[PDB]
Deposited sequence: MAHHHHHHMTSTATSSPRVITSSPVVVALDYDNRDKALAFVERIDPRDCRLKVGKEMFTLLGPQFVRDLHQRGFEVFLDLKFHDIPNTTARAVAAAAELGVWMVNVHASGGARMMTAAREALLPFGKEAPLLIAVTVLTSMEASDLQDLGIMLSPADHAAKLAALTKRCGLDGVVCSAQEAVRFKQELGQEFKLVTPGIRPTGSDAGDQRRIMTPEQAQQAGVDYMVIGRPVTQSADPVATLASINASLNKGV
C-alpha cells in the first residue's frame, strides 16, 4: 500500500496503451484514477486488471442519480474493491446520505466516499444558466458543508481552497485535488491536500517514472 498522496489519472482511450504506462510504474509510488472514458470503454474488468497489478484505484465516475440508484452504484464499486469512489453533491443530501449508508456495512473494506462540489470547468456564467448566483467558490463551499453534514469522507477541492476548507470543515475531512485547473504538489500538500490527482504531467512525460519519482521526492 503506497504512502504517496499522488493518484495518477488514466485517461487513455486504449487498454494496451494504458497498461503499457501502468507496467512502467509501481504500486508503491502512486494510486490510479479510472474515469468515465476508460470505464465506459472497458467496464469493471479494467479496474480488476489494475487491482491484479497491485494498484489501489480511485473510481472517478461522479455518480449523480436518485438516492436508491446512487446507493446501489456505490455498493457496486465497494464490491469491486475500489479504494475511493465519488458522487455529486448536487444530487442532494438524501442521495449523499443514501450512498454513505450503503457503504457502512462494508466496514473496513468500504471505499472512501468523496463528493464533487463545483466542477473545475464551471465559471459564474455557467452557473447562472442553472440559477446559481453564488460564485463557483462560494457554491462549492456550500456544497462541501452539505457533504460534511451528510457524513461523507471529503470533497474534491482545488488546492487554492484547501486552507479555507481545512479551517472551516476540519483536519479530518479529506480534500482531493482534481488534477485540472499556482502550487507545486509540495505546496498543495502544505495547504492540507490529502490526495492529489495528477494526469498529463506524469502520463505525457518522456520519463513518467522519473517524473513521478521527482514529484514523490518533494512530498
| query | finding |
| --- | --- |
| Sequence order list of spans that the model leaves without C-alpha positions, deposited numbering | 1 to 19, 201 to 211, 250 to 253 |
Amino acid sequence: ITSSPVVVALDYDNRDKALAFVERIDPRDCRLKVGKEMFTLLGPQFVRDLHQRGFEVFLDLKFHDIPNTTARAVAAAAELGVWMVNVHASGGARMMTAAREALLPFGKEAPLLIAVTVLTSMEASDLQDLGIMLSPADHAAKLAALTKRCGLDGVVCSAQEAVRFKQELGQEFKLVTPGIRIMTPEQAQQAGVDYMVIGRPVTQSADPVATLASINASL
From here on, numbers count along this sequence of modelled residues.
{"item": "Stretch with the greater mean C-alpha B-factor as recorded in the entry, comparing 130 to 138 against 91 to 99", "value": "130 to 138"}
{"item": "Stretch with the higher entry mean CA B-factor, where the candidates are 66 to 74 and 48 to 56", "value": "48 to 56"}
{"item": "Peak C-alpha temperature factor (PDB record), options 31, 36, 174, 181", "value": "181"}
{"item": "Residue with maximal Cα B-factor (values as given in the PDB entry) among 146, 113, 124, 119", "value": "124"}
{"item": "Lowest, middle or highest third - CA B-factor, residue 40", "value": "lowest"}
{"item": "Ranked against its chain, the third holding the CA B-factor of residue 154", "value": "lowest"}
